[PDB]
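> Shown below is the structure under consideration.
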Ligand SMILES: Nc1ncnc2c1ncn2[C@@H]1O[C@H](COP(=O)(O)OP(=O)(O)OP(O)(O)=S)[C@@H](O)[C@H]1O
Ligand SMILES: Nc1ncnc2c1ncn2[C@@H]1O[C@H](COP(=O)(O)OP(=O)(O)OP(O)(O)=S)[C@@H](O)[C@H]1O
Ligand SMILES: Nc1ncnc2c1ncn2[C@@H]1O[C@H](COP(=O)(O)OP(=O)(O)O)[C@@H](O)[C@H]1O
Ligand SMILES: Nc1ncnc2c1ncn2[C@@H]1O[C@H](COP(=O)(O)OP(=O)(O)O)[C@@H](O)[C@H]1O
Ligand SMILES: [Mg+2]
Ligand SMILES: [Mg+2]
């Protein structure tokens, strides 16, 4: 067809703007002529190392240093000296209990350290002592019930007990839930029937092939009983049903929660559910005993890993393992497996360290874990390279690659370790000359204030590699943060960009590198003058020291500048307080915390100080006097003080 | 599924008595007929005739002629009795997930030919819309089938394609077509179609098109039908693009008058002509480097219109942003005019 | 997902050192008998930022397309904006000379390069440029700021002009 | 059950829309030939573009076929252009038989009314252009944008583009009088004038505020107070007090005034709008005018980024404070 | 069962102040086809009590029953999220902001299922189910666009009250179709009146001097006034006119922080103040609240020319703070820049 698409604009006569002419002013009539003459690039050749580190000289013999390390088996004396070093490092650890067990376990391999040093006994588990005692007592009660039923069977031919048939184990990943279940079942003679998400677990199939496990005896009550058949469909031994990652549910896993509801409903044998998410406790309906595994103490698992490496003829400092565990967020299986890799590779760095509290120490698994040995020379140390001045182009590209590696994890390496890296003294918390003191303090202050201006610019006006607050809000929030990973096989089909990630990581690396180089150089230049100030008799170094925490000082380097134990305890306190039934319908959460929470802390401390005065006991009857069902542990926690 | 029905119906489709799509009139047929990017086409001919065709990534702004080029190459490599047996054509029209890559692509690249023996070819138009996992399987199906079948990747945005996928193919950029080579084409179209057009008409036609002959033919087609004559005014009115006289008066108002007068004049002209402040920003920036200013004026002014172009993106009030645009000139240039 | 890491040992690989890339490229051109210049070596490595899969790919492309290795051939086949042009851009920034820098930026624009590879090349050229560290820090933060503008969607010549202007005014303003 | 007045009182036919003459002429000519082109309506919002296209579709088709043959969509989708393109493909692919009992058969092409045509990127708009050329004969579109300038050139070359200038205040004052007399509500003419001047030439927002005001009052007199605070329009003596605090020389009364504005619930955006409207038409120096207006612009950016109203207002008042007190 | 909820008004006529717009809301619910409402005002001004009063006026007293239900939804990026929502047989309650960049997701499906609930549950009371979205200022742009698509798809199926504190982050199309309700903060005398009312309802009698002092110290936040009054009750069984009205403990910890700010300007002082702000953020105080408090504290010692400069650098740095993700860097940048300015200022 091709009709005419006429421009219909309502041109009325007048308005002094419809028909316009170019202005007659001289500035806008002076249009400079445009020139496209570029410099010719065929004449100019690119030199060697012009845009990179192509140096004519090349290093030979520094790299390719093969280890070929033969670990001589430690004698009794040096091993006992290392045991006493571990004991002096960790005085609260019962060392003499766990080392003969490791020696028995160790006594051409084809099998991992996780199953080599797999705990056979529940007492051999590390951390979560209350939880393992509760689980062991529950299984002792259940095996006693099974034994009593057997005695009743041979003799023939429950509100007081509250022996609930099912227990939910919850905790973080790799803390040893499956290991503790295996250990206690092996010790008490239980036969575990394992149900995993890796196998087919549909309701009809699991019911038709697992109901008679709890509705009957066992055909082989003697002999080969402590083996664990993974259930799938492609002394007398009591049955024990185990359900690993009940939280992982697929569309193929149809009617699984109803199925397990029927199992717990009709069972006569103990059933154990284990998972990692905290949310499974609320969405699942039923009667079940709950067991929580907290994150184990860092020093205990550090001593345990150090005994493990001692058994394999390696001596290693505690602080390196503390850094490794905090990097893994105290994950036992991660640290054990990476230790197995790093040990069987021959160790990282051979450096002698004479400590009494002998073979050479093997510190340096922390920087090997982060891949920093792929960047630096084996002679180079991390903090040693950090402290000196960076001028060489190759050294500065290695520092760029270092920051690029830490910014892929969205971790500010330079700022989380700013006190340990700045050219100023750092210590653990327990007149014209004065004008020069204040002036040097002012130059250092201007340098650091400029640095915080820069890193504020890198937070806001540089993008991040991974988009923060993608599924929750910013950190330190009591709303949610229980963002469980996906459960479906359908792909994301998203339209994200990847160029603005690989480029952005280098962008923030370069910006952070140049800003820290500038501020460190400025602080060093200001501190060069401090010799004259010391000669003048005044020492402003008390104004220049940095007061850091003891927990942060125990590590070689920190990935965070904050306390997460405090964050976890506050967040648990607030979540438990606003879980109260009276305050369960409050809508405005920021108003909720910021208004009710300080006032409720005032009421808690007022009640505490009233009880401190030997006054009437009815002062204890305020919260229950207005039906505030707030538990006494939380009341005591909020009545301590405001930190 | 399908959508090749509409293309095959569309190729011999016209009223042929009244409709006049002159954009569809002038189509090159082969590489000797595509009179542009001659180094690229001769390189393709060299790689074809040596049986040394590598994997290809044809990328550029749309309309520069990638699809017709690779269609000509496909018809050159293989005759019409075996074209479907050796070349697979796909695009983002049939998007069902990553099942395309492991479905027709993986099955097609895993087999020999049917009738005659030779190397095969797959063209993937608009491959920028393939997801990251789809491309990440596509790299594997290239790696383990490279000796049998060559791959052609038609794209528009180079950066989004994952680095290994660009790594396994060579790349060809279809850049903008230079005005000195595009004036004879439009002159030929004008003399063949008896069109009256002045030098500002040619300048506006080549400036708005930004090195694309399809878009130029579209503009001249629309202007010729709407007015019967083609000039700078007729093209810009038919395009609804900023007239240079209008934005010149806008610049004159900021550079001569005071704040309130220039403000209300520019507001009335935006209401009168239907202009959004993004295009005023673009055209005044086009005027800034042409009009003579000192260097300090240039850096200050460029930074301020850059920040205004930022602030216009989030969706704030355009009124205050116009006010700040006038303020940018009022701070420096009019103070120096007072000086 | 996290438990897959937690049941494994994870190891890290880095972008490769340029000396190592240079050794492997001289090795492969020795095993292939490739005529070359050093110009081609810095070009072929600059096109492969630590990823020598690109190095061998564009090496094969240069040898198949021209048969000799020099910078001009590499930039004809890889089709990047020229390193010398963007080095000239940041050199004009050091001199705070807006005119020429904008002129050849407009030249790259009508040459047809995208906003993203221009800003990336600007990054990787003012990275290793020989000039003062504080002004280098300012330049890096500014080009990152403009790169966020392109990344958020707005990618125009006005954005690069304001980029260049703030770069140039960094020199004159102390 | 009931409908808002904006579609209840929009004209049924073209020729019933007022204040537009060439637009009515060309749309009527295109309706006479029963081949409406692809339309591109540009102008300020509330000018009646949607009303004109609904009237044209009601005239060309049957009222029972009108809703069948139109699909009203918007184009700033947060899920991308692929979703709305799939909906367009679904609507064009799906065909329902249609006829009129009035004696004239309907044209075969359908109508997809896609608003906010000035809000997309060039890539999404080019994808819409490919969708346009996919369905050139079987569906003719009407793109409604605030500004025709943001339209990329392949669309503007194949669409009949129509300017919709804002209506002079007398004619929509008469229209609002018609609405008031047909909706049995007691309003003074001063109230209608104030509603017009806070509507700022937006008839659609004016009648929306009118219906909302008559359902707030429940038949009472529509005062100037209710229409002052139904549009969020700040009282002017608050603006005068802000300027007096800036002229005064004390930051304490400055923050006291800002506290008075924020605890009243008055938003910072509307305050910036009226502060700008005062500053642009004042006797202030163009240096001060420029500094204050660029401060206003960046404050608008800051508040759009999620910053506090209070902080941005304190900093804005500090800048206006310093600019006024420099000359004093 | 504190004073704010036990003595909360239940119907529109039980409101004590701002009677006029309460009567206008009564007219709105009398008309019976109200469109979507946006309601706004400062915190503690009485927005939520007005919302639940017009809810109770709207339906029967089945609004007054409330439970909690939990919703598990897969993301478009295929990562399911679990959220807690307050629910009733007639209304729903969602605060979407806990989903962060997934606020958009929390926009559709629940409301879609509420639409489905409107297609499922029939009671012949009214032709829509209402849902309160809380803190809609923290909704992102794409979330607000998804809300606009939801409302222009389900206008005949469900309704929504939009509780916020500022309509600045509300995009103008959302402001265009929802009726604005400005809820100003109560005056001092109104706070004293309702405070004496709730004390007589508690059987307690206090002097009016305590009421006026408490009203001034609450700064027109009625919820804070009632909570604090209850704190004064816990402090003393009888009410005396010179009873020490207690101070908010994080507020006074912030005050001692500001004392450390103005006292000494040393890098050790910067680091210990950084640790104090760490303690505050582990106490989950919002960063803008911390900032407003600390600037209002430090401005009392600032001189006239310093006050304005502190104002624009505070606004600029908090603009970056909302632009930024981790507020620590921006807060420390502000405090160090104020160190620089203040040290530069007493030295001359
Ligand atoms: N507390 C511990 N004491 C001793 N060994 C442990 C401990 N925690 C973990 N391990 C070791 O790490 C291995 C893995 O532990 P698992 O029990 O499989 O982890 P988990 O607690 O089940 O958490 P999941 O299954 O990854 S969510 C065990 O087999 C042990 O070798
Ligand atoms: N250099 C050229 N000379 C002449 N016509 C050209 C040229 N480039 C493109 N065309 C025209 O463009 C039509 C199709 O070109 P395409 O290959 O579709 O363009 P493209 O670069 O692939 O980008 P698309 O297809 O628009 S996304 C041809 O039929 C020609 O009419
Ligand atoms: N010229 C006019 N004649 C009659 N009514 C009009 C006119 N202009 C606007 N209106 C009224 O104002 C409303 C504008 O709505 P709409 O068509 O959406 O405007 P726009 O499309 O410009 O946003 C219509 O409902 C109509 O009743
Ligand atoms: N008329 C009134 N009578 C008694 N208390 C009121 C009245 N108006 C408001 N309040 C109190 O003020 C507080 C304000 O809280 P809320 O209803 O959430 O409004 P906002 O959202 O403004 O904080 C409520 O706790 C309520 O108890
Ligand atoms: Mg396990
Ligand atoms: Mg193409």
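Heads up, chain D uses Swiss-Prot numbers, so what you see runs 36-363.
We read in the header that electron microscopy, 4.2 Å was used to get this structure.
Heads up, the Cβ atoms here are built off N, Cα and C, so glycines get one too.
The annotation ATP binding site is assigned in Swiss-Prot to D:78, D:79, D:80, D:81, D:82, D:83, D:84, D:85 on the grounds of sequence analysis.
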> To see if you understand the setup: which same-chain residues, six or more apart in sequence, place their Cβ under 8 Å from that of residue D:84 (ATP binding site)?
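When sequence neighbours closer than 6 are ignored, residue D:84 (ATP binding site) has D:76, D:78, D:179, D:197, D:199 within Cβ distance under 8 Å.
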> Among the binding-site residues D:82, D:85, whose Cβ has the fewest other Cβ atoms within 10 Å?
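Each of the binding-site residues D:82, D:85 was scored; lowest Cβ tally within 10 Å is D:85.
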> Below 8 Å Cβ to Cβ and six or more residues apart, same chain only. Which residues does that give for residue D:83 (ATP binding site)?
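Looking at Cβ-Cβ distances below 8 Å from residue D:83 (ATP binding site), excluding near sequence neighbours, one finds D:45, D:52, D:55, D:199, D:238.
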> Taking the binding-site residues one at a time (D:79, D:80, D:81), which has its Cβ surrounded by the most other Cβ atoms within 10 Å?
D:81
> I want the residues beyond D:78, D:79, D:80, D:81, D:82, D:83, D:84, D:85 whose C-beta is within 8 angstroms of the mean position of the ATP site's C-beta atoms, in chain order.
D:76, D:179, D:199, D:238, D:239
> Taking ligand 3 as the reference and 6 angstroms as the Cβ limit (strictly under), which binding-site residues among D:79, D:80, D:81 are close?
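So the answer is D:80, D:81.
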> Are there binding-site residues in D:78, D:79, D:80, D:81, D:83, D:85 whose CB lies under 8 Å from a CB of chain B, and which ones?
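It is D:78, D:79, listed by sequence.
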> Near the Cβ of residue D:78 (ATP binding site), how many other Cβ atoms are there if near means within 10 Å?
24
> Based on DSSP, name the secondary structure state of residue D:84 (ATP binding site): helix, strand or coil.
helix
